[PDB]
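Computed over heavy atoms, backbone and side chain alike; hydrogens, waters and symmetry mates excluded. Just so we're on the same page: letters track the sequence lines, and every chain starts at 1.
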Amino acid sequence: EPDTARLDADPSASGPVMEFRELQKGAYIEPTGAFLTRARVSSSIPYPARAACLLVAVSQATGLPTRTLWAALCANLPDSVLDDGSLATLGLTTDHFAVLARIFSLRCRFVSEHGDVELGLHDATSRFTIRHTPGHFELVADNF
Amino acid sequence: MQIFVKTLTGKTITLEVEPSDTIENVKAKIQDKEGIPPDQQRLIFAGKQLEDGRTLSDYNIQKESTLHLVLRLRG
């Protein structure tokens, strides 16, 4: 259980390991939020500008400032999930988006080289589509 | 034994596994058939997120049960 061990080793985390789905219940679209996490006041990880292409895409589609999106992640995720050691190298994941969707009521269809995945909340206020290529996120109209 | 893997699109994939196959082994088996790298694979059983180092039996995942495959993307 590498996910559980990395969370149990996180000093910024408290409580038992559980899915974000259960830590912060909401109108999730299956399987949004089904990733293991722990509860935290706020993380001090500075805005990862060079690797925030995921936040830029969400920001462009919603109008939410990129730094507003980051602050939300810093206030709801332990440091181990915000930075698993490759934050600067590999950036953010669809799990980070699942948290933003719960906080800001978002729904996004991700179009990837290896298929699509729909993540967010059911009656979301903002609906958009993001394209994934190896290592990159880009807002699109409604690809493929 | 045989287990099933169901994707977001509803497609059903059939894998041949043993109770001691690790979740990492399952992901490799899925890669052989689907072409999805383990990095982009999340597997869920009965609502629980499965972790790579555990076995099917560690989760009590028995014959002819269904795993749920979901994409995880990073960038």
| field | Derivation and outcome, side chain to side chain contact (heavy atoms under 4.5 Å, CB included), residues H132(A) and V117(A) | value | CA-CA 10 Å; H132(A) 180 272; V117(A) 56; over 6 Å; no
Please round to the nearest 0.5 Å and tell me the distance separating atom [atom1] of [X] and atom [atom2] of [Y].
X       : Y       : atom1 : atom2 : answer
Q62(B)  : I3(B)   : CD    : CD1   : 11.5 Å
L100(A) : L64(A)  : CG    : CG    : 8.5 Å
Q60(A)  : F128(A) : CD    : CZ    : 11.0 Å
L55(A)  : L92(A)  : CG    : CG    : 5.0 Å
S43(A)  : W70(A)  : OG    : CH2   : 6.5 Å
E34(B)  : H114(A) : CD    : NE2   : 11.0 Å

I'd like to check [X] versus [Y] (side-chain heavy atoms, cut-off strictly below 4.5 Å). Are they in contact?
X      : Y       : answer
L73(B) : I130(A) : no
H96(A) : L69(A)  : no
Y28(A) : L121(A) : yes
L50(B) : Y59(B)  : yes
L82(A) : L73(A)  : yes

Of all residues at least two apart in sequence or in a different chain, which pass the side chain to side chain contact (heavy atoms under 4.5 Å, CB included) check with [X]?
X       : value
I29(A)  : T32(A), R107(A), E118(A), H122(A)
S44(A)  : none
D83(A)  : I45(A), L87(A)
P134(A) : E113(A)

For the residue pair [X] and [Y], what are the closest heavy atoms and their distance?
X       : Y       : value
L139(A) : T129(A) : CD1-O, 3.2 Å
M1(B)   : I61(B)  : CE-O, 3.8 Å
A34(A)  : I44(B)  : CB-CD1, 3.9 Å
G10(B)  : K6(B)   : O-CG, 3.9 Å
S12(A)  : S80(A)  : OG-N, 4.5 Å
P2(A)   : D52(B)  : CD-N, 4.1 Å

| task | Applying salt bridge (charged side-chain N to carboxylate O under 4.0 Å, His left out), name anything that partners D142(A), two or more places apart in sequence or on another chain. | result | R109(A)
Pair listing, salt bridge (charged side-chain N to carboxylate O under 4.0 Å, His left out) test, anchored in [range], at least two apart:
range                      : result
residues 7-32 of chain A   : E19(A)-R21(A), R21(A)-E30(A)
residues 61-79 of chain A  : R40(A)-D79(A)
residues 61-75 of chain B  : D84(A)-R74(B)
residues 85-102 of chain A : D95(A)-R42(B)

Checking [X] side chain against [Y] main chain: does a donor-acceptor pair fall under 3.5 Å?
X      : Y      : result
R38(A) : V17(A) : no
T37(A) : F20(A) : no
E1(A)  : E51(B) : no
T66(B) : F4(B)  : no
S86(A) : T89(A) : no

| message | Checking side-chain polar atoms at under 3.5 Å, does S112(A) have a donor or acceptor matched by the opposite partner on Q40(B)? | response | no
| message | Less than 6.0 angstrom separating the ring centers of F97(A) and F137(A), yes or no? | response | no
| said: Run the side chain to side chain contact (heavy atoms under 4.5 Å, CB included) test on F104(A) and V58(A) for me, step by step, so that the C-alpha distance in whole Å, both residues' side-chain angles and the decisive distance to 0.1 Å come before the verdict. | reply: CA-CA 11 Å; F104(A) 301 106; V58(A) 171; over 6 Å; no
| query | Please walk me through it: do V70(B) and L43(B) pass side chain to side chain contact (heavy atoms under 4.5 Å, CB included)? | reply | CA-CA 6 Å; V70(B) 182; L43(B) 284 169; over 6 Å; no
| request: Check side-chain hydrogen bond (donor to acceptor under 3.5 Å, both in side chains) between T66(A) and all other residues, then give those that pass, not counting sequence neighbours. | output: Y47(A)
| note | Applying side-chain hydrogen bond (donor to acceptor under 3.5 Å, both in side chains) to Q24(A) and not counting sequence neighbours gives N76(A)
| message | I30(B) vs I13(B), test: side chain to side chain contact (heavy atoms under 4.5 Å, CB included). Steps then yes/no. | response | CA-CA 8 Å; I30(B) 293 165; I13(B) 290 133; 5.7 Å; no
| Got a sec, which residues hit ring pair (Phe, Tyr, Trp, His ring centres under 6.0 Å) with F45(B), two or more places apart in sequence or on another chain? | none
| Hey, is CG on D32(B) packed in by over 12 heavy atoms from elsewhere, all under 6.0 Å? | yes
